[PDB]
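Comments concern the structure below.
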Amino acid sequence: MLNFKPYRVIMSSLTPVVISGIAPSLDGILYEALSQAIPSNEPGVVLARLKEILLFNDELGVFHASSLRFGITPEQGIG
RNA sequence: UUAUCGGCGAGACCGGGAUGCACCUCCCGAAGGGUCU
């Protein structure tokens with residue numbers, strides 16, 4: 001329970017991204033990050049802590065975390 | 001993060017030759033002097 005505001009996160013890719021069929025969801029990245037932060041791999045507690053930093057759609061059952069989208073500049077494109 | 005895992009690596013001389021030198025005066029003028037046992 002914390003005031004959540006829509007934010008866009010953009011990062012500089014340093015190495016190739018390997019997509020496992022489904023585009024990587026930022027909710028998964030944050031789940032792994034919390035699993036590192038909270039020394040526990042139990043999905044329940046990591047999810048409960050993830051809901052505290054991410055807005056969760058109860059009616060839809062997902063986190064408000066868009067999938068990966070490649071930011072391409074006029075210099076470098078998707079390769 | 002659609003799973004679980006994986007050093008890319010090992011060997012090599014790049015070196016062998018050459019004068020950069022050949023010609024020029026920098027000189028032309030002046031009083032530093034005068035005051036005190």
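By convention in this document, the chains of the structure tokens carry letters A, B, ... by their order, each chain's residues are numbered from 1, and ligands are numbered from 1 in the order they are shown.
Residues in contact with residue 19 of chain A at 10 Å, where only C-alpha atoms (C1' of nucleotides) are counted and same-chain residues fewer than 5 positions away are skipped, are listed as residues 24 and 68 of chain A; 1 and 2 of chain B.
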Output the contact residues of chain A with respect to chain B at a cut-off of 8 Å, based on only C-alpha atoms (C1' of nucleotides), as a PDB file with N, CA, C and O atoms, in the first residue's frame.
```pdb
ATOM      1  N   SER A  20      12.467 -15.006 -24.327  1.00  0.00           N
ATOM      2  CA  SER A  20      11.985 -16.382 -24.221  1.00  0.00           C
ATOM      3  C   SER A  20      10.562 -16.491 -24.771  1.00  0.00           C
ATOM      4  O   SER A  20       9.612 -16.848 -24.078  1.00  0.00           O
ATOM      5  N   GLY A  21      10.433 -16.165 -26.054  1.00  0.00           N
ATOM      6  CA  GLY A  21       9.158 -16.227 -26.741  1.00  0.00           C
ATOM      7  C   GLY A  21       8.230 -15.091 -26.362  1.00  0.00           C
ATOM      8  O   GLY A  21       7.784 -14.331 -27.225  1.00  0.00           O
ATOM      9  N   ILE A  22       7.939 -14.967 -25.076  1.00  0.00           N
ATOM     10  CA  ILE A  22       7.159 -13.859 -24.541  1.00  0.00           C
ATOM     11  C   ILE A  22       8.124 -12.757 -24.139  1.00  0.00           C
ATOM     12  O   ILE A  22       9.164 -13.024 -23.526  1.00  0.00           O
ATOM     13  N   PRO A  24      10.084 -10.051 -22.183  1.00  0.00           N
ATOM     14  CA  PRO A  24      10.280  -9.955 -20.730  1.00  0.00           C
ATOM     15  C   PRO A  24       9.438  -8.845 -20.127  1.00  0.00           C
ATOM     16  O   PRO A  24       9.512  -7.687 -20.542  1.00  0.00           O
ATOM     17  N   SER A  25       8.634  -9.208 -19.135  1.00  0.00           N
ATOM     18  CA  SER A  25       7.804  -8.248 -18.427  1.00  0.00           C
ATOM     19  C   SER A  25       8.595  -7.634 -17.282  1.00  0.00           C
ATOM     20  O   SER A  25       9.309  -8.336 -16.562  1.00  0.00           O
ATOM     21  N   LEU A  26       8.465  -6.316 -17.122  1.00  0.00           N
ATOM     22  CA  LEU A  26       9.166  -5.638 -16.037  1.00  0.00           C
ATOM     23  C   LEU A  26       8.763  -6.198 -14.681  1.00  0.00           C
ATOM     24  O   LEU A  26       9.546  -6.134 -13.728  1.00  0.00           O
ATOM     25  N   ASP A  27       7.550  -6.741 -14.567  1.00  0.00           N
ATOM     26  CA  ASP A  27       7.162  -7.378 -13.316  1.00  0.00           C
ATOM     27  C   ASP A  27       8.079  -8.550 -12.998  1.00  0.00           C
ATOM     28  O   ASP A  27       8.425  -8.774 -11.836  1.00  0.00           O
ATOM     29  N   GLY A  28       8.497  -9.301 -14.018  1.00  0.00           N
ATOM     30  CA  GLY A  28       9.433 -10.389 -13.778  1.00  0.00           C
ATOM     31  C   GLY A  28      10.800  -9.894 -13.343  1.00  0.00           C
ATOM     32  O   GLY A  28      11.426 -10.472 -12.449  1.00  0.00           O
ATOM     33  N   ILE A  29      11.283  -8.822 -13.973  1.00  0.00           N
ATOM     34  CA  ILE A  29      12.557  -8.231 -13.577  1.00  0.00           C
ATOM     35  C   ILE A  29      12.493  -7.803 -12.119  1.00  0.00           C
ATOM     36  O   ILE A  29      13.402  -8.079 -11.327  1.00  0.00           O
ATOM     37  N   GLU A  32      12.511 -10.812  -9.740  1.00  0.00           N
ATOM     38  CA  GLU A  32      13.862 -11.319  -9.525  1.00  0.00           C
ATOM     39  C   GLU A  32      14.658 -10.376  -8.633  1.00  0.00           C
ATOM     40  O   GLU A  32      15.405 -10.817  -7.749  1.00  0.00           O
TER      41      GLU A  32
END
```
request  = May I have all residues of chain A that DSSP, computed from the backbone, assigns to strand (DSSP E or B), given as a PyMOL selection string?
outcome  = chain A and resi 20+22+25+56-57+62-63+67
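The residues of chain A that DSSP assigns to helix (DSSP H, G or I) on this backbone come out as residues 26, 27, 28, 29, 30, 31, 32, 33, 34, 35, 36, 37, 43, 44, 45, 46, 47, 48, 49, 50 and 51 of chain A.
Picture a line from atom CA of residue 7 of chain A to atom CA of residue 58 of chain A; it runs 19.8 Å.
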